[PDB]
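Peer 1: Below you will find the structure I want to go over with you.
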Amino acid sequence: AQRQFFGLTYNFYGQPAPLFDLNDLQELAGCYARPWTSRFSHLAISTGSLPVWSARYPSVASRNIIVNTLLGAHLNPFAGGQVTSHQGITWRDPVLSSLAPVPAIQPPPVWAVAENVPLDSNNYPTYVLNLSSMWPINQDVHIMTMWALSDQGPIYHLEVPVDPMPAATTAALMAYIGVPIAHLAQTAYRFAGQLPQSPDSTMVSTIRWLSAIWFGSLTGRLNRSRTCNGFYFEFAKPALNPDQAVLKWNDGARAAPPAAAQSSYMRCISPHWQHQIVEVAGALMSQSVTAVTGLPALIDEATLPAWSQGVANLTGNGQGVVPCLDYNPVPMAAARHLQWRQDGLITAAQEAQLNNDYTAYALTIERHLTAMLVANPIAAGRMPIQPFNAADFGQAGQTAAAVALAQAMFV
Amino acid sequence: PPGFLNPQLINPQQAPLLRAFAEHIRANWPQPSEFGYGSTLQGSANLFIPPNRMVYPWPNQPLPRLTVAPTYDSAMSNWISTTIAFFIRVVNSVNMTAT
Amino acid sequence: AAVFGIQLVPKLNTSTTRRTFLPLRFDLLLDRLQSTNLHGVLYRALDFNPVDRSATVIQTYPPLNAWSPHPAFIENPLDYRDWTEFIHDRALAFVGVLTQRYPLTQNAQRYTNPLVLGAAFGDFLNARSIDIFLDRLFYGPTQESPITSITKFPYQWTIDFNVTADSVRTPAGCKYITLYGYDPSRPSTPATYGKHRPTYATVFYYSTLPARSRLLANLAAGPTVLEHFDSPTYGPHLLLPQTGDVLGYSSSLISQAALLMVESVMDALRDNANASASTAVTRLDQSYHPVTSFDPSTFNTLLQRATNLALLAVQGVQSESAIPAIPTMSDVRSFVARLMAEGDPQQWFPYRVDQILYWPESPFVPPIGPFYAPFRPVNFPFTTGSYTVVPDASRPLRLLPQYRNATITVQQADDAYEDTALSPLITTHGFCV
Amino acid sequence: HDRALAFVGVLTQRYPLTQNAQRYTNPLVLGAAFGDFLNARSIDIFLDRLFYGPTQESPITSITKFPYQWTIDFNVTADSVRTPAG
Amino acid sequence: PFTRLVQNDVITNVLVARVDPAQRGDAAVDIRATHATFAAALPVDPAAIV
Amino acid sequence: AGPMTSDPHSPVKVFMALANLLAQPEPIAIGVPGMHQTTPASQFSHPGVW
Amino acid sequence: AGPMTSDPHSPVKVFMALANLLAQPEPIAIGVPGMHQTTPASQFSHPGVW
């Protein structure tokens, strides 16, 4: 298994306190139930079936964001080695099974509020001694950290080995052919979440490949024409709803393995991710792998918010540092369409049409989110959506480098 | 009994056999051990024991490779031999000889 | 500077360089076994009575200490004179087998795997066939470890030697052997900490950290697992003690795991008491460390207390009184009794499950592994420096008063006296004229 | 020599020395308890009342606080104690 | 867990509770007063075992 | 009746026959794995298992 | 059922009832001349014999 993890709590955007409502806690983690695998209980196949369009939690990412903020107020044992209380609520037991209001006879000490708190497993010995039962905490803490480290989209990791896929993964993928991405993400989250696993397990390699294939198809390098061992993803029409993708297997020519092992960190540079299911699912799926295997290497600090500069065990600027790339969906879509034309899947006339449709589609997302922010100002004390500025929708980021990586990743 | 907790309380010259019996029991009573079961992929219903594990009153070993055969170094065999040896000592004690 | 009932001097001392391991050459092995006398070479008697020709407790050495006698030997021990005869016979016979295969002139330079050698020899004098081992007696130390050389064959070699793709399981050898006439009740007998029993524990060698994690997951439900972090002899390995207890060492305050800890702590103290800068040693930290089924929150059992002391002993502390090189049962009893006395536990360094904290000012030097990390206690009172021990005095001592600037009122003086004095006392006059 | 050492261990398993060295033993209780010990008879009842405060009462009156048959050979009333002579 | 000859570790009771004692205010009470107990024993014969 | 037979394996078979009866008090080593001192002596019919 | 009744002596009677059953294992001195730990508990029906 993996007997240790490191983490980092969220950042307050100038606000004095963690940004969540008691009702949010009572809603999203109440009932004295275990909160440690609930991230998918409120997700579905598509936005059309979900109440993400109005009222509280009016965004795809809203619930998970609030969850991360909520945990930041109660992860003190991995920072100070002691369970604490915040606004009259604390854990029921040293195992951190569930939350409850504080007892009246011997209350635990009140938590002193802070932000961006580094976290170590070793600070709380009882965790390792009860690793078999406290395992799910590992995944969620990792996920929270992977999101807290970045403004805009969360961070996740990619890698491709020089070897071909093992047969086990091949068989496994051949059973997930027609599945949409959202369902796939659930299984990955479900897998790594509920019991310890070794990194040398078939599922771990399987999910690792999935993240690679997803990105390769996202950049448009992997298509019906060119595939990884026969597999590739298919994206829905921008004319109706491009925020959907499913797995496919095909006769197409198989891409050759890279000359050397490739790996990098990724994130979305634009606010569109907050209301776009494929981004959320892709990130969560990829983050699941790192949860069970740990971080392969320190993340480059060069392009991260101020609070992420030089976080112990997480970020660095030395030699053993993996760069992190980022992209904007709209330029990414244009690149994907261009690759399709060069592969001959489409004509030039269609490529122009596709760009127009996707841009129109993205505009609605921007229009919806920007109106949603003023409806939920962060000064209200809870953050349903991450703050941003209008110009953030126009950043091209490192998109050119990103497609270049896929170019080198699937030769 | 206090003597059973600490055999040294029993004076050898007053109760030779009982002191020996207490020492025999405290020394040769088997040692609990443990093994796993089920699959971690499916989870487990264990409450107090860590999941997918089972406790076992005797020491245990993995399944043998080639053909089996009677042996004489198992915990139970040792317990049997010492027990018999003790009672033989009892039978030859002065208490029996007089009668 | 005191922990429960243990008294410590304010000076720290420990050695400063680790001796590297080197495997035994094939020819050298034959020389040790062919020694005209094996006492002091393969085993040593801690208890020899020269008036007779008898001893009762034997300490074993690497080629032999891997042995686990079959119970028929244990339940019916032989005497010293039979022992010396029995060993010399078996040693020569074992040499013949080793030389019938692998002629010397073609194999003198090869290095024997200590693990394989120990297991093979142990089976031999247990009258059990050893052919499976002979095929793998050697290994190339420049290319792999004695562990990894074995993991090339991941299957149950024999009923007492099981090796997986990453780990090897085998019973721990007996470091001591008790001959006919052994009696723990005799307080002057040398202590053995129960290691004379054939199956007091079990060791699990592992090649890499993930394997270590895998092993611990299986053992979590049983007794407390112990490990050395500093220098694990032939290689990194856990050990699982027998879940029972051992008689005679205290008022039943003991389980087997506690015994392993407490004697390990004593060795750590002894080394600190006589380490020197000019001498390298195999290991700086002789203490074990619990890794399963343990309470860092409480100090009302021996195992907890011993651990709490061990975390401090690694810093290089010394006891105010010397401890014997070959402790007897009485010596151990005194140590345990002090350890179980009422008193505060030290809390300069907190326990952590699988990492040990060290004071940067300590003379201790960490190894390369990740198991150690520097730490800063707030009010640590110790300092580096050596301290020698003075022999005891046959006469009551006399002192000459010397005063500080502080002073105390009479009433405080009197009440302090009246509750510490032997107010009614028995005396003798002696002779005046 | 065996019994004496064993008796000490019992007396020290309870009542650790550093907290009790100053206390005075009741000779009557001490004699009875020790006598039963080497007669291979349990002595737990006595250990609770091994000490007494000589400035506050006599070794007799310290015992008469518990006027009942302690054991078959040690019987105490509200005013008196009966036991076989050693 | 199988305890062995450790007097202080003898498991006297296995317990289960249908309700939260904190609601009843039983937070400080003996566990036996708050949880149900299992009680079942089987009288085996030594002779067959031997 | 050992030497009267022509079986080359007669001696080892005779030897193992007694060895079976003394497996408890007097143990010896058996070369090839998968064979024990309690194996029926009649099975020792191969030069490589002496 | 002690506190339900109206007899002022009910608490003492409840106490003595247990005291009767524990005369052998836990003997105590009842400092009332004319009474003993084995006096039937129901008869403790007056102040001054408390």
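Within each chain, counting starts at residue 1; across the structure tokens, chains are named A, B, ... in the order shown, with ligands numbered 1 upward in that order.
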For chain D, which residues have at least one atom within 12 Å of chain C, if we go by only C-alpha atoms? Write them as an NGL selection string, please.

Peer 2: :D and (2 or 5-6 or 8-19 or 21-23)

Peer 1: Report as a ChimeraX atom specification the set of chain C residues whose atoms approach chain B to within 12 Å, with distances computed over only C-alpha atoms.

Peer 2: /C:68-76,126,155-164,169-171,184-186,194,197-202,215-223,240-256,293

Peer 1: Could you tell me which residues of chain C sit within 8 Å of chain F when counting only C-alpha atoms, and give me the result as a tab-separated table (two decimals) with N, CA, C and O atoms, in the first residue's frame?

Peer 2:
```tsv
chain	number	residue	atom	x	y	z
C	127	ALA	N	18.80	-32.90	11.53
C	127	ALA	CA	18.64	-34.18	10.83
C	127	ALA	C	17.62	-34.08	9.71
C	127	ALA	O	16.80	-34.98	9.50
C	128	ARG	N	17.65	-32.97	8.98
C	128	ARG	CA	16.75	-32.74	7.86
C	128	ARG	C	17.57	-32.43	6.62
C	128	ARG	O	18.59	-31.74	6.69
C	129	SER	N	17.12	-32.94	5.47
C	129	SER	CA	17.89	-32.83	4.24
C	129	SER	C	18.04	-31.38	3.82
C	129	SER	O	17.18	-30.54	4.11
C	130	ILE	N	19.14	-31.08	3.14
C	130	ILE	CA	19.52	-29.70	2.86
C	130	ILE	C	19.85	-29.49	1.40
C	130	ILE	O	20.40	-28.45	1.02
C	131	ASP	N	19.53	-30.48	0.56
C	131	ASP	CA	19.99	-30.43	-0.83
C	131	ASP	C	19.48	-29.19	-1.54
C	131	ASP	O	20.20	-28.59	-2.35
```

Peer 1: Mind listing the helix (DSSP H, G or I) residues of range 12-94 of chain B, per DSSP on the backbone, as a PyMOL selection string?

Peer 2: chain B and resi 16-28+75-91+94

Peer 1: Write out, as a CSV table (one decimal), in the first residue's frame, the residues just selected, with N, CA, C and O atoms.

Peer 2:
```csv
chain,number,residue,atom,x,y,z
B,16,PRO,N,5.7,-29.9,44.9
B,16,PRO,CA,6.5,-30.1,43.7
B,16,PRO,C,5.7,-30.2,42.5
B,16,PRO,O,6.0,-29.5,41.5
B,17,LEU,N,4.7,-31.1,42.5
B,17,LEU,CA,4.0,-31.4,41.2
B,17,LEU,C,3.2,-30.1,40.8
B,17,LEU,O,3.3,-29.8,39.6
B,18,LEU,N,2.5,-29.5,41.7
B,18,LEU,CA,1.7,-28.4,41.2
B,18,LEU,C,2.5,-27.2,40.6
B,18,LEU,O,2.2,-26.7,39.6
B,19,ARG,N,3.7,-27.0,41.2
B,19,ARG,CA,4.6,-25.9,40.7
B,19,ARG,C,5.0,-26.4,39.3
B,19,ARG,O,5.0,-25.6,38.3
B,20,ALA,N,5.4,-27.6,39.1
B,20,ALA,CA,5.7,-28.1,37.8
B,20,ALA,C,4.6,-28.0,36.8
B,20,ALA,O,4.7,-27.6,35.7
B,21,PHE,N,3.4,-28.3,37.3
B,21,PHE,CA,2.2,-28.3,36.4
B,21,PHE,C,1.9,-26.8,36.0
B,21,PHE,O,1.7,-26.6,34.8
B,22,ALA,N,2.0,-25.9,36.9
B,22,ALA,CA,1.8,-24.5,36.5
B,22,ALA,C,2.8,-24.0,35.5
B,22,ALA,O,2.5,-23.4,34.5
B,23,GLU,N,4.1,-24.4,35.7
B,23,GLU,CA,5.1,-24.0,34.8
B,23,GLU,C,4.9,-24.6,33.4
B,23,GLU,O,5.0,-24.0,32.4
B,24,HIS,N,4.5,-25.9,33.4
B,24,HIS,CA,4.2,-26.6,32.1
B,24,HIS,C,3.1,-25.9,31.4
B,24,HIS,O,3.2,-25.7,30.2
B,25,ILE,N,2.0,-25.5,32.1
B,25,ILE,CA,0.9,-24.8,31.4
B,25,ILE,C,1.3,-23.5,30.9
B,25,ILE,O,1.1,-23.2,29.7
B,26,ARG,N,2.0,-22.7,31.7
B,26,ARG,CA,2.4,-21.3,31.3
B,26,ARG,C,3.4,-21.4,30.1
B,26,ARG,O,3.5,-20.4,29.4
B,27,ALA,N,4.1,-22.4,30.0
B,27,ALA,CA,5.2,-22.5,29.0
B,27,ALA,C,4.7,-23.1,27.7
B,27,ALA,O,5.2,-22.7,26.6
B,28,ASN,N,3.8,-24.0,27.7
B,28,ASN,CA,3.5,-24.8,26.5
B,28,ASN,C,2.1,-24.6,26.0
B,28,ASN,O,1.7,-25.2,25.0
B,75,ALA,N,2.9,-27.3,17.2
B,75,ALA,CA,2.6,-26.8,18.5
B,75,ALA,C,1.8,-27.9,19.3
B,75,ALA,O,2.1,-28.2,20.4
B,76,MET,N,0.8,-28.4,18.6
B,76,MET,CA,-0.1,-29.4,19.3
B,76,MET,C,0.7,-30.7,19.6
B,76,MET,O,0.6,-31.2,20.8
B,77,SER,N,1.6,-31.2,18.8
B,77,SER,CA,2.4,-32.3,19.1
B,77,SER,C,3.2,-32.1,20.3
B,77,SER,O,3.4,-32.9,21.2
B,78,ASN,N,3.9,-30.9,20.3
B,78,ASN,CA,4.7,-30.5,21.5
B,78,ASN,C,3.8,-30.5,22.7
B,78,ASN,O,4.2,-31.0,23.8
B,79,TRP,N,2.6,-29.9,22.7
B,79,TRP,CA,1.7,-29.9,23.8
B,79,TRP,C,1.4,-31.3,24.3
B,79,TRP,O,1.4,-31.5,25.5
B,80,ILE,N,1.2,-32.2,23.3
B,80,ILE,CA,0.8,-33.6,23.7
B,80,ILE,C,2.0,-34.2,24.4
B,80,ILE,O,1.8,-34.8,25.5
B,81,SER,N,3.2,-34.1,23.9
B,81,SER,CA,4.3,-34.8,24.4
B,81,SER,C,4.6,-34.4,25.8
B,81,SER,O,4.8,-35.2,26.8
B,82,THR,N,4.7,-33.0,26.0
B,82,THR,CA,5.0,-32.5,27.4
B,82,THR,C,3.9,-32.9,28.4
B,82,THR,O,4.2,-33.3,29.5
B,83,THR,N,2.6,-32.9,28.0
B,83,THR,CA,1.6,-33.3,28.9
B,83,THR,C,1.7,-34.7,29.3
B,83,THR,O,1.7,-35.0,30.5
B,84,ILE,N,2.0,-35.6,28.4
B,84,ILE,CA,2.2,-37.0,28.7
B,84,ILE,C,3.4,-37.1,29.6
B,84,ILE,O,3.3,-37.8,30.6
B,85,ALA,N,4.5,-36.5,29.3
B,85,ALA,CA,5.7,-36.5,30.1
B,85,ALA,C,5.4,-36.1,31.5
B,85,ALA,O,5.8,-36.8,32.5
B,86,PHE,N,4.6,-35.1,31.7
B,86,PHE,CA,4.3,-34.6,33.1
B,86,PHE,C,3.5,-35.7,33.8
B,86,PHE,O,3.9,-36.0,35.0
B,87,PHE,N,2.5,-36.2,33.2
B,87,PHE,CA,1.6,-37.2,34.0
B,87,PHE,C,2.4,-38.4,34.3
B,87,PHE,O,2.3,-39.0,35.4
B,88,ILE,N,3.3,-38.9,33.4
B,88,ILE,CA,4.2,-40.0,33.7
B,88,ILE,C,5.0,-39.7,35.0
B,88,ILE,O,5.2,-40.5,35.9
B,89,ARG,N,5.5,-38.4,35.1
B,89,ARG,CA,6.2,-38.0,36.3
B,89,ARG,C,5.3,-38.1,37.5
B,89,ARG,O,5.7,-38.4,38.6
B,90,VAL,N,4.0,-37.7,37.3
B,90,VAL,CA,3.0,-37.8,38.4
B,90,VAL,C,2.9,-39.2,38.9
B,90,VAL,O,2.9,-39.5,40.1
B,91,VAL,N,2.7,-40.1,37.9
B,91,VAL,CA,2.5,-41.5,38.3
B,91,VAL,C,3.6,-42.1,39.1
B,91,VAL,O,3.4,-42.9,40.0
B,94,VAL,N,5.9,-40.1,44.7
B,94,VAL,CA,5.8,-40.9,45.9
B,94,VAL,C,4.3,-41.1,46.3
B,94,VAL,O,4.0,-42.2,46.9
```

Peer 1: Give me, as a count of residues only, all polymer residues having an atom no more than 12 Å from residue 21 in chain E, counting only C-alpha atoms and skipping those fewer than 2 positions away in the same chain.

Peer 2: 18

Peer 1: Mind pulling up the distance from CA of residue 111 in chain A to CA of residue 11 in chain A?

Peer 2: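 Interatomic distance, CA of residue 11 in chain A to CA of residue 111 in chain A: 16.5 Å.
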
Peer 1: What lies within 9 Å of residue 268 in chain A using only C-alpha atoms, ignoring chain neighbours under 2 positions off, as a VMD selection string?

Peer 2: chain A and resid 152 to 155 266 270 to 273 279 325 to 329 397

Peer 1: I need the contact residues of chain C against chain A, so if you could list those with any atom within 7 Å, counting only C-alpha atoms, and return them as an NGL selection string, that would help.

Peer 2: :C and (210 or 213-214 or 292-293 or 352-353)

Peer 1: With only C-alpha atoms as the counted atoms, please give the residues lying no more than 12 Å from residue 5 in chain F, apart from itself and same-chain residues fewer than 6 positions off, as a PDB file with C-alpha atoms, in the first residue's frame.

Peer 2:
```
ATOM      1  CA  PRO F  11      18.861 -53.259   0.513  1.00  0.00           C
ATOM      2  CA  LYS F  13      13.958 -51.098   0.872  1.00  0.00           C
ATOM      3  CA  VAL F  14      14.986 -53.244   3.833  1.00  0.00           C
TER       4      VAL F  14
END
```

Peer 1: Any idea what's packed within 9 Å of residue 60 in chain D, counting only C-alpha atoms, ignoring anything in its chain fewer than 6 positions away? Could you give it as a PDB file with C-alpha atoms, in the first residue's frame?

Peer 2:
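Output file part-v9.pdb is given in full below:
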```pdb
ATOM      1  CA  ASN D  26       1.476  -3.335  62.748  1.00  0.00           C
ATOM      2  CA  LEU D  28       0.359  -8.241  65.071  1.00  0.00           C
ATOM      3  CA  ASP D  79     -12.521  -4.959  71.987  1.00  0.00           C
ATOM      4  CA  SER D  80     -10.207  -7.949  71.617  1.00  0.00           C
ATOM      5  CA  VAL D  81      -8.267 -10.188  69.243  1.00  0.00           C
TER       6      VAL D  81
END
```

Peer 1: Mind pulling up the distance from CA of residue 36 in chain C to CA of residue 94 in chain C?

Peer 2: 14.9 Å

Peer 1: Residue 41 in chain G: which residues within 9 Å, counting only C-alpha atoms, same-chain residues fewer than 5 positions away excluded, as a PDB file with C-alpha atoms, in the first residue's frame?

Peer 2:
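Wrote it out as part.pdb, contents follow:
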```pdb
ATOM      1  CA  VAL G  12     -33.297   2.635  55.538  1.00  0.00           C
ATOM      2  CA  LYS G  13     -35.281  -0.534  54.879  1.00  0.00           C
ATOM      3  CA  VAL G  14     -33.980  -0.638  51.317  1.00  0.00           C
ATOM      4  CA  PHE G  15     -30.431  -0.216  52.577  1.00  0.00           C
ATOM      5  CA  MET G  16     -30.657  -2.907  55.238  1.00  0.00           C
ATOM      6  CA  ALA G  17     -32.189  -5.401  52.813  1.00  0.00           C
ATOM      7  CA  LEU G  18     -28.932  -5.556  50.894  1.00  0.00           C
ATOM      8  CA  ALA G  19     -26.981  -5.462  54.153  1.00  0.00           C
ATOM      9  CA  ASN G  20     -28.725  -8.656  55.242  1.00  0.00           C
TER      10      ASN G  20
END
```

Peer 1: Which one of B:15, B:69, B:45, B:10 sits closest to residue 95 in chain B if you count only C-alpha atoms?

Peer 2: B:15

Peer 1: Distance cut-off 10 Å, counting only C-alpha atoms - which residues of chain E neighbour chain C? Return them as a ChimeraX atom specification.

Peer 2: /E:1-6

Peer 1: Enumerate the residues of range 325-390 of chain C with a DSSP assignment of strand (DSSP E or B), computed from the backbone, and present them as a list in words.

Peer 2: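 Of range 325-390 of chain C, the ones in strand (DSSP E or B) are residues 328, 356, 357, 358, 372, 373, 374, 383 and 384 of chain C.
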
Peer 1: Enumerate, in order of chain and increasing residue number, the residues of chain D with an atom no farther than 9 Å from chain G, each with its shortest atom pair and distance in Å to one decimal, counting only C-alpha atoms, as a tab-separated table.

Peer 2:
```
residue	atom	partner	partner_atom	distance
D:66	CA	G:28	CA	7.5
D:67	CA	G:29	CA	7.2
D:68	CA	G:27	CA	7.0
D:78	CA	G:29	CA	8.8
```
